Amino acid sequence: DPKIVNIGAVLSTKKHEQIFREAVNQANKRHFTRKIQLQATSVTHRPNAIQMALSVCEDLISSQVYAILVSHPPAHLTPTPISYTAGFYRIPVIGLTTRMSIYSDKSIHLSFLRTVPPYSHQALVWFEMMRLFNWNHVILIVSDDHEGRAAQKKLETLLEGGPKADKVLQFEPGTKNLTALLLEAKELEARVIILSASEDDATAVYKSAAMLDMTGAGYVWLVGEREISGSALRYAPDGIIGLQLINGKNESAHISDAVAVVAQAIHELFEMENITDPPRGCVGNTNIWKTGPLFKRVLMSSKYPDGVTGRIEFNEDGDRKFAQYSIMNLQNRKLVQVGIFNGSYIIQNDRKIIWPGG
């Protein structure tokens, strides 16, 4: 009889619950499991936040889970109640598909890693493109919300590390008449424009930019994934370059890698001395899990090179490093892949890029 250590998961469907079970069973097969052996405990998202928080207590923490994998559901329901409730006890949470930058804020999310990068990390790819295509002067338009400013912060860090940002412009999320803002951009000499915005906000930008004839030849538009999704795509100027996170939405893939990482980390934890159990249930328990913060360190330092979504490491915020992106280019109104960022290197493929105009 070994010791049974539960991993927890909050996942979108019961197909994914079953994938998580099979992942944990594989880890037990793969590892030496005489001393410790993992057990999968899981659940699908509840219809609202308060119910979800309760479920984490009743269904997961009641089984003394050492960690909790969480996906982004199909339908306003975030990982946030799971992060809070698990965080109360310093039980680590692994985000599988959540990409909002807010989850990188340690104050709000103590014990939160994720196997996909935040949107703001798309700046890494922008920067490498700017070196590659020698865009040494860029304008940067961003939404004045957390996410928009996160992208600005991140790009500026890379520039104040050479290419430069000639100006940075921010607009109120929800604005449609962005002619005022874009005229300000039109008047600068730089004709490379980088955009961080939500779907609907990018649409507003794209329209206004078209009226002002800033989508034609001369101009380069360089955006991320949100800004060429759904309704943004539907008005985006031809020639635009944007990004898609490869496997960014494969819950199954990230369950596979998350479990591998967590399994590794568990076995690495139990090499060390004086490991305590997490609290059994929520009721009556108000102290942190003494070992939580150690386990968080172990996870953070976890390297898993041979992963399905590539090379798994985490940065100082617990965000995924070495993520891989499709570099997409709108050509005759079709999104066409012109290369990939492979984790560190831009690899152009044989499909020629077509810029706005050309």
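Take the two forms, find the largest set of C-alpha atoms that superpose within 1.5 Å, and that set is the rigid core. Note that residue numbering follows the sequence shown and begins at 1.
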* Asked: Between 103-111 and 191-199, which one strays more from this form in 8 other deposited structures of this protein if you match the rigid core and compare Cα atoms?
  -> 103-111
* Asked: If you line up the core and then measure how far each C-alpha sits from this form in 8 other deposited structures of this protein, which stretch comes out higher, 164-172 or 239-247?
  -> 164-172
* Specify whether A75 falls into a modelling gap in a third or more of the other PDB entries of this protein. => yes
* Report, from the record, the number of residues in the deposited sequence between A75 and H76 that have no coordinates, as none, 1 to 3, 4 to 9, or 10 or more. => 1 to 3
* How much of the deposited sequence is absent from the coordinates between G161 and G162: none, 1 to 3, 4 to 9, or 10 or more residues? -> 10 or more
* Check the entry's C-alpha temperature factors for 147-155 and 207-215, then say which stretch has the higher mean. => 207-215
* Structure fact -> The stretch carrying the higher mean Cα B factor in the deposited entry, 260-268 or 88-96, is 260-268
* **Largest Cα B-factor, entry values, listed residues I240, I102, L113, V168** => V168
* Structure fact -> Based on the PDB entry, the highest CA temperature factor among the options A197, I246, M130, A253 is that of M130
* Structure fact -> By the entry's values, the third containing the CA B factor of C57 is the lowest
* Asked: What third of the chain, by the recorded C-alpha B-factor, contains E189?
  -> highest
* Asked: Taking the entry's C-alpha B-factors for this chain, is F32 in the lowest, middle or highest third?
  -> highest
* CA B-factor placement of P173, once the chain's modelled residues are sorted into thirds -> highest
* Compare the C-alpha B factor of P47 with those of the other modelled residues in its chain, then answer lowest, middle or highest third. => middle
